[PDB]
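Asks: Once you've had a glance at the structure underneath, I'll fire off some questions.
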Amino acid sequence: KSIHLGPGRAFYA
Amino acid sequence: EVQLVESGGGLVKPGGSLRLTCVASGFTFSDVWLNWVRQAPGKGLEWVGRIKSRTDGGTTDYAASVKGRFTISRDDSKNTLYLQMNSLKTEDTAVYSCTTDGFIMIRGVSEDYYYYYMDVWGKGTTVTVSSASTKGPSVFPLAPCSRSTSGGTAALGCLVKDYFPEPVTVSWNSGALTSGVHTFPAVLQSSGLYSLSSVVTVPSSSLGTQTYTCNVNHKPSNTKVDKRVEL
Amino acid sequence: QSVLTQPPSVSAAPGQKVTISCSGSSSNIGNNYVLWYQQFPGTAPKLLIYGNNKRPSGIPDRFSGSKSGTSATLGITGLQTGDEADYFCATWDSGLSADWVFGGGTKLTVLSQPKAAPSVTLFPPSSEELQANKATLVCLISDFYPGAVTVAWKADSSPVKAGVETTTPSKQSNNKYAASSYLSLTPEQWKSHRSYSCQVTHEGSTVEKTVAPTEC
């Protein structure tokens with residue numbers, strides 16, 4: 216599980 | 587030695603085109619998303635666009651102020667990022683920088699968090715969209731409106747108007763005068779032209795004892811001007 | 004004309020503490036996570052804070068960040084002279100292009116010398132220039148510390164925004180600062196008002212000079 220915090224980023228992974 | 591180096595900046599007529607390039611080194615360039623950003627003199631930083639990494643689809647996003655006019659592309663094999671700017675406007679004038687999106691990852695008790703940020707920044711390349719071209723200054727005397735007499739000090743000077751490009755050199759009395767001389771940084775007007783002032787402070791009581799002449803030198807236009815200031 | 008609003012200037016002595024505010028909307032700071040950067044002249048911005056309040060390794064706990072609603076704050080305590088730099092907030096936009104967005108920047112001064120009020124000199128347009136069909140009033144601002152001012156122009160005591168161009172403040176060779184403001188008008192406009200003023204505000208105090216076309 217990977218959370219992505221930036222513009223244009225798929226929150227989930 | 588992680589680094590980003592931009593080039594290609596210069597003077598361009600409004601309605602013109604220009605291509606900037608950014609070369610990356612010291613890191614796996616294909617792994618990262620990249621941004622172009624820009625900063626006008628005396629203004630805040632503004633994001634221009636991004637291009638994602640090939641694994642994330644390689645697509646581009648643009649600021650509403652440049653979409654339709656600017657195009658971003660990368661060449662992974664040459665560690666190179668490009669910005670093709672068409673229909674340039676005077677308001678596109680800025681220092682343009684390339685940046686990567688970096689991250690700090692926090693390993694959570696179950697799951698990993700990725701905090702992204704503009705990480706590696708290039709030093710920037712200057713783009714000037716202006717109709718201005720080499721022009722020597724107009725020079726005018728600066729004297730007080732009110733008769734500046736009796737008492738303490740008086741200020742007198744030279745207004746060095748409307749020249750392009752920088753720099754201008756101002757001396758007083760052929761460099762003999764240095765005490766009380768203050769030459770200010772130039773202001774950039776919306777025409778694309780610079781103006782600066784140089785002032786000299788003297789005792790008021792002393793006013794007709796000698797002369798004051800500013801010697802203005804504009805190397806880019808091979809112009810020199812000597813102007814006496816009478817108070 | 005900066006997406007996120009910061010104060011242009013802040014200062015305090017070594018040992019003291021300071022906060023720098025950053026004001027936005029629901030669409031940037033409200034929805035997303037705020038970052039802070041420190042930049043020295045000539046140098047790449049350094050990440051100071053991410054995720055509203057997290058410090059990268061190497062950033063000491065003297066730096067702290069917080070967010071509430073649509074504003075964010077950066078705090079610095081035990082100020083060192085090495086902290087004198089520009090600080091700017093960053094987040095991103097929730098719109099279709101997800102722009103990164105930035106504060107305009109705050110220059111922090113760590114006070115090393117007493118505050119100095121600016122010397123202000125205001126010159127009228129010259130007789131020569133008026134005959135060139137032009138008129139520039141020239142306001143020269145020097146010897147102030149810390150290095151920030153705001154300049155306002157008045158004609159017949161009413162505000163004038165049009166035709167004004169001010170430089171950023173610049174470091175003088177003596178560690179104080181200088182700035183310049185130019186008001187451009189037509190000769191006929193010049194001759195139309197009774198007085199003109201350049202008003203420089205420094206640290207809550209204003210120094211003003213005036214000219215009147217009638218002397219010249």
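Protein chains in written order, with the working numbering: chain H, 216 to 228; chain X, 587 to 817; chain D, 4 to 219.
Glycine included, C-beta positions come from ideal geometry on N, C-alpha and C.
(1) Relative to chain D, which residues along the region 757-785 of chain X have a C-beta separation below 7 Å, given in chain order?
(2) Tell me where the alpha helix (DSSP H) around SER195 (chain D) begins and ends.
(3) Would the region 610-627 of chain X and the region 677-686 of chain X be scored as touching if the rule is three or more Cβ pairs under 8 Å?
(4) Pull up the DSSP beta-bridge partners for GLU632 (chain X), would you.
(5) I need the DSSP call for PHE226 (chain H), collapsed to helix, strand or coil.
(6) Is it buried or exposed, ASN35 (chain D), if we count other Cβ atoms within 10 angstroms and call 16 or more buried?
(7) Could you compute how far the alpha carbon of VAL104 (chain D) sits from the alpha carbon of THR8 (chain D)?
(8) Report the start-end ranges of each beta strand (DSSP E) in the region 55-138 of chain D that is 3 residues or longer and not cut off at the edges.
(9) So, helix, strand or coil for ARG733 (chain X), using DSSP?
(10) Taking one C-beta from the region 664-676 of chain X and one from the region 592-612 of chain X each time, how about it: are there three or more such pairs within less than 8 Å?
(11) Buried or exposed for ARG636 (chain X), going by 16 or more other Cβ atoms inside 10 Å?
(12) Suppose contacts are defined by Cβ-Cβ distances below 7 Å. Is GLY708 (chain X) in contact with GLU592 (chain X) by that definition?
(13) What residue range is occupied by the uninterrupted beta strand (DSSP E) comprising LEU793 (chain X)?
(14) Would DSSP call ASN803 (chain X) helix, strand or coil?
(15) Please state the DSSP three-state secondary structure of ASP642 (chain X).
(16) Can you give the Cα-Cα distance for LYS599 (chain X) and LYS653 (chain X), rounded to whole angstroms?
(17) State the start and end residues of the unbroken beta strand (DSSP E) segment that holds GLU697 (chain X).
(18) Out of X:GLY694, X:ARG814, X:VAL618, X:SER639, point me to the one whose CA is closest to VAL786 (chain X)'s CA.
(19) Report back the beta-carbon spacing between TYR798 (chain X) and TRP758 (chain X) to the nearest angstrom; my notes put them in contact at under 8 Å.
(20) Give the residues from the region 703-714 of chain X that approach chain D closer than 7 Å (Cβ to any Cβ), ordered along the chain.
(21) My guess is that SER129 (chain D) and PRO727 (chain X) are in contact by the Cβ rule of under 8 Å, so how many angstroms apart are they, rounded?
(22) Check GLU211 (chain D) in the structure and name its three-state DSSP category.
(23) Start and end of the beta strand (DSSP E) containing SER724 (chain X)?
(24) Taking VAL588 (chain X) as the reference, give the member of X:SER784, X:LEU782, X:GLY688, X:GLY778 with the closest Cα.
(25) Measure the C-alpha to C-alpha separation of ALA165 (chain D) and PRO216 (chain D) and round it to an integer number of angstroms.
(26) Spell out whether any CB of chain H is found under 7 Å from the CB atom of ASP698 (chain X).
(27) Counting pairs of Cβ atoms below 8 Å between the region 88-106 of chain D and the region 11-31 of chain D, do you hit three or more?
(28) Compare the Cα-Cα distances from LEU111 (chain D) to each of D:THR80, D:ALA138, D:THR139 and report the closest residue.
(29) Using only CA atoms, which one of X:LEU774, X:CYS731, X:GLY694 lies nearest to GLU218 (chain D)?
(30) Just the chain H side, please: which residues come within less than 7 Å of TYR648 (chain X) by C-beta, in chain order?
(31) Do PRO17 (chain D) and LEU82 (chain D) come within 7 Å of each other at the CB atom, strictly closer than that value?
(32) Taking its Cβ as the centre, do 16 or more other Cβ atoms sit within 10 Å of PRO63 (chain D), making it buried, or is it exposed?
(33) My output table needs one value for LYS664 (chain X): the three-state DSSP class, helix, strand or coil.
(34) Going by C-alpha distance, which of X:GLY594, X:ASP662, X:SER719, X:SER736 is nearest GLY778 (chain X)?
(35) Taking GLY594 (chain X) as the reference, give the member of X:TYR682, X:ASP748, X:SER781, X:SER659 with the closest Cα.
(36) Taking 7 Å as the threshold (C-beta atoms), are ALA101 (chain D) and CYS25 (chain D) in contact?
Replies: On the basis of the coordinates in this document:
(1) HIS768, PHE770, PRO771, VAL773, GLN775, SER781, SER783, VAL785
(2) 190-195
(3) yes
(4) X:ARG624
(5) Looking at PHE226 (chain H) - three-state DSSP - the assignment turns out to be coil, as it is neither helix nor strand.
(6) It is buried - the Cβ of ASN35 (chain D) has at least 16 other Cβ atoms within 10 Å.
(7) 11 Å
(8) 66-71, 74-79, 88-95, 103-105, 109-113, 122-126
(9) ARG733 (chain X) carries a coil assignment under DSSP once its states are collapsed to helix, strand and coil.
(10) By the Cβ rule, the region 664-676 of chain X counts as touching the region 592-612 of chain X, because three or more pairs are nearer than 8 Å.
(11) buried
(12) yes
(13) It is not in any beta strand (DSSP E) - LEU793 (chain X) carries neither H nor E in the DSSP assignment.
(14) strand
(15) helix
(16) In this model, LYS599 (chain X) and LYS653 (chain X) are separated by some 20 Å (Cα to Cα).
(17) Here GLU697 (chain X) belongs to no beta strand (DSSP E), and DSSP marks it neither H nor E.
(18) The closest CA to that of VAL786 (chain X), considering only X:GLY694, X:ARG814, X:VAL618, X:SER639, is found on X:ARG814.
(19) Right, the Cβ-Cβ distance comes to about 6 Å (below 8 Å), so this counts as a contact.
(20) Hits within the stretch, in order: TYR703, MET704, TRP707.
(21) Their Cβ separation, rounded to whole angstroms, is 5 Å, which keeps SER129 (chain D) and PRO727 (chain X) in contact under 8 Å.
(22) Strand, per DSSP.
(23) 724-728
(24) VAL588 (chain X) has its Cα closest to that of X:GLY688, out of X:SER784, X:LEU782, X:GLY688, X:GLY778.
(25) Distance from the CA atom of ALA165 (chain D) to the CA atom of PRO216 (chain D), rounded to whole angstroms, is 19 Å.
(26) yes
(27) yes
(28) When only C-alpha atoms are compared, the closest one is D:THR80.
(29) X:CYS731
(30) Chain order gives no chain H residues near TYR648 (chain X), where near means a beta carbon separation below 7 Å; the closest approach is about 12 Å.
(31) yes
(32) exposed
(33) helix
(34) X:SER719
(35) X:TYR682
(36) no
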